[PDB]
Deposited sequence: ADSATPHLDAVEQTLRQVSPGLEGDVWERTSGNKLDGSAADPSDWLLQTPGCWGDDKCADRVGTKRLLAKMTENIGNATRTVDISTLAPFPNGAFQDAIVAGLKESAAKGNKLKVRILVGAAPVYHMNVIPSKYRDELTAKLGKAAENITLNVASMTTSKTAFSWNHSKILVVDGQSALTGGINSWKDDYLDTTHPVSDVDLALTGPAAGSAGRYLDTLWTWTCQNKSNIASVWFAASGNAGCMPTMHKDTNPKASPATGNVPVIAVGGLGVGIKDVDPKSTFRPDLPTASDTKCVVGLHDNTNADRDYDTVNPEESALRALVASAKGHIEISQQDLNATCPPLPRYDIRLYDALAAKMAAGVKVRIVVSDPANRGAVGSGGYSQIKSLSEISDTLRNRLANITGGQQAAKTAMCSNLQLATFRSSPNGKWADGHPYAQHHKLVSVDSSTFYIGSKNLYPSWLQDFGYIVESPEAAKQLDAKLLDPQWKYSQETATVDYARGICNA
């Protein structure tokens, strides 16, 4: 096969979540990574993109991200479909959205627009305030636009709400990844968060539209339930649960030859199980993930949860598909317990199995000196766990340590020679990135640390794009980050 990695992931998803195929996950052909003619790797919307400079003077990444938001929206003829994590877009992110909408409206187009945020759960005025602010900023363009704005919470007790970050235009183009539209963390700061989105076009953008219809179908159904949904619309417009299906082709036009698996999850409180699923997982055991006995562990101990959250299985299957090497860049691999379990056992088992077979694993996480942008005190909380899982399959602890130190790179993130930004603040990293075999990679919103949220992303099998990702992001990341490594097989470092 030309697509061995996607083939394996696809087979897993059809066993885990067959009833969600089309809507919460979908394999498509005919896509394109949407880079420019001058810089074809600039589909890779990293921010800030100021490698080597502790003052981050020339933020080529940020500039491209904001320009690409405006460009895609300004090309809209029918729909603009946005999700993110609250707060609603502000600063230059909002400026970019407004500029795009005005550009489309002046080109004569009449648009339907949805903007959905997830938030922690009386009289939430935020959606209505954002609607009215956007309408004022649009000026005459507002006459051409039907707007829906909502904040939603699907489960208070499971801490479940939207955390996908998607921008889809006409079902044709999509931007997605880790980037929240938060000016203070990403833009107006001398210690910007490092993160990444991708830009694509093709049928896979339609998959994102169908995912958003799934979320908006729930949101609209629950719009009268305060505490679940706060909704606001322009004029006398109603809630649009199926804007994508209603307005855009069932299969978007083809734009290239790139195969993609779109995959998300429904978190907790939308749908409890895929009734079509006959998935029968072999669930591992551990004694050090559920920190307290009363916690219901959806990540490790709930078969039904898996069936409505195919993204967890997809990421584990992506790791399991690697023949040569795996690079992982995350805010965290481990979560804060309670209320989440500390780690995904199946994930750590999949990484252990790869290392036991001589496949190289690199994990770069955010510096613990950031502890919202870190959830561990020490890299040992990752390496100890990998070693203990390795012990189960290598026959003991000494053989585990040797396997780990022979096949692992483990470090915290830097983007310049300095241990911190020049302003003295630690580097914060927020990617949700997995790349394997310089072939197939995930960019999206789904963290590898336990999390029970609505998330979304793309798994792309394209060696050319993976090589661009190496050159523009993974290679410079390791150039600077390697100085913090506690384990590095390539230099014989084993301080763990």
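The deposited sequence has C-alpha coordinates everywhere except the stretches 1 to 2, 124 to 125, 376 to 381.
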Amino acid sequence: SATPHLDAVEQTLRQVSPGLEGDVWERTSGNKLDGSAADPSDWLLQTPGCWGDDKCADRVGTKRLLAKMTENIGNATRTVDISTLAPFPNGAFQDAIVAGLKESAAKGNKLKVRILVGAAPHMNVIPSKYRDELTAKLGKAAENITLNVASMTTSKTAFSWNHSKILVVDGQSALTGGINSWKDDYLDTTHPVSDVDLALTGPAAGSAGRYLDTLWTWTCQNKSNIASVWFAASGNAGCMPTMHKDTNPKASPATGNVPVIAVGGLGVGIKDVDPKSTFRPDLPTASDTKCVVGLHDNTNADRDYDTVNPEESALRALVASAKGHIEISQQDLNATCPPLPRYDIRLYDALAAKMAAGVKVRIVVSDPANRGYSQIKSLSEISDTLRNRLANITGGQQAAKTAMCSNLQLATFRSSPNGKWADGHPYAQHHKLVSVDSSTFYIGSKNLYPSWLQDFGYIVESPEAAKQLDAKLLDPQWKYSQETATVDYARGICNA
From here on, numbers count along this sequence of modelled residues.
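Note that the rigid core is defined as the largest set of C-alphas that superpose within 1.5 Å between two forms.
Looking at 410 to 418 and 284 to 292, the one farther from the shown form in 6 other deposited structures of this protein by average CA distance, after a rigid core fit, turns out to be 284 to 292. Between stretches 125 to 133 and 217 to 225, greater average Cα displacement in 6 other deposited structures of this protein relative to the shown form, fitted by the core, falls on 125 to 133. Stretches compared: 285 to 293, 376 to 384. Higher mean C-alpha B-factor in the entry: 285 to 293. When the two stretches 212 to 220 and 144 to 152 are set side by side, the higher mean Cα temperature factor goes to 144 to 152. Between the residues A136, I73, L333, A314, it is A136 that shows the highest Cα B-factor in the PDB record. Remark: of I326, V125, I166, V258, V125 shows the highest value [criterion: C-alpha B-factor in the PDB entry].
In the deposited entry, the Cα temperature factor of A471 sits in the middle third of values across the chain's modelled residues. The PDB entry assigns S435 a C-alpha temperature factor belonging to the lowest third of its chain's modelled residues.
Among all modelled residues in this chain, the alpha-carbon of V460 has a temperature factor (C-alpha) in the lowest third. Looking at the C-alpha B-factors along this chain, the one for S17 belongs to the lowest third. Annotation for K55: C-alpha temperature factor in the highest third relative to the rest of the modelled chain, per the entry.
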